[PDB]
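Here the Cβ positions follow ideal geometry from the backbone for every residue, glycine too, while neighbour counts run over all protein chains shown. What follows is calculated from the coordinates using simple rules that are stated; it is not laboratory data.
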């Protein structure tokens, strides 16, 4: 298949690799929903990069406009092209999940599951590094 996941979910086998020194007030559940939602937005993105006008639907046009908006707002930065903004995943996670992302950043990278690029008033995230 062409459209395949980019980052699976993490269990106690992966979480156990991250001590409280990095988690602090986080938990497997918090990361499970973080890696799940992220993989979703990223999965659909890579799926469009290959799809065509045939599969391209309304949601495909809205995502392309927004995705290209942040990509062009980063000042032609970031060597990658498969990332998203926290403002797109945040409202996709959980309303009760609380602002743990900023704390999970070190927990997600400690395993090499995702990445984070600080570019001005924005924050991108790509699947590890090529």
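Residue 128 fails exactly one of the following numbered conditions: (1) within 11 Å of the chain's Cα centre (by Cα); (2) in a loop (DSSP other than H, G, I, E, B); (3) more than 17 Å from residue 5 (Cβ to Cβ). What is the number of that condition?
Exception for residue 128: condition (3).
Do you know which residues across the range 10-24 are surrounded by 15 or more Cβ atoms within 10 Å (Cβ to Cβ) and in contact with a helix residue (DSSP H, G or I) (Cβ under 7 Å, 6 or more places away or on another chain)?
Across the range 10-24, the qualifying residues are 10, 15, 18, 22, 23.
Hey, which of the helices (runs of 4 or more DSSP H) in the range 1-59, taking only ones fully inside, have at least 2 residues that are closer than 13 Å to residue 105 by Cα? Write out each step before concluding.
Working: elements: 12-15, 20-23, 28-48.
By residue number, 20-23, 28-48.
How many residues does the range 25-56 hold that are loosely packed, with under 12 Cβ neighbours inside 10 Å and touching a helix residue (DSSP H, G or I) at 6+ places or on another chain (Cβ under 7 Å)?
Number satisfying all stated conditions: 1.
One line per residue, one yes/no per condition, for (1) in a loop (DSSP other than H, G, I, E, B); (2) within 15 Å of the chain's Cα centre (by Cα):
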{"position": "75", "(1), (2)": "yes, no"}
{"position": "94", "(1), (2)": "yes, yes"}
{"position": "97", "(1), (2)": "yes, no"}
{"position": "102", "(1), (2)": "no, yes"}
{"position": "107", "(1), (2)": "no, yes"}
{"position": "124", "(1), (2)": "no, yes"}
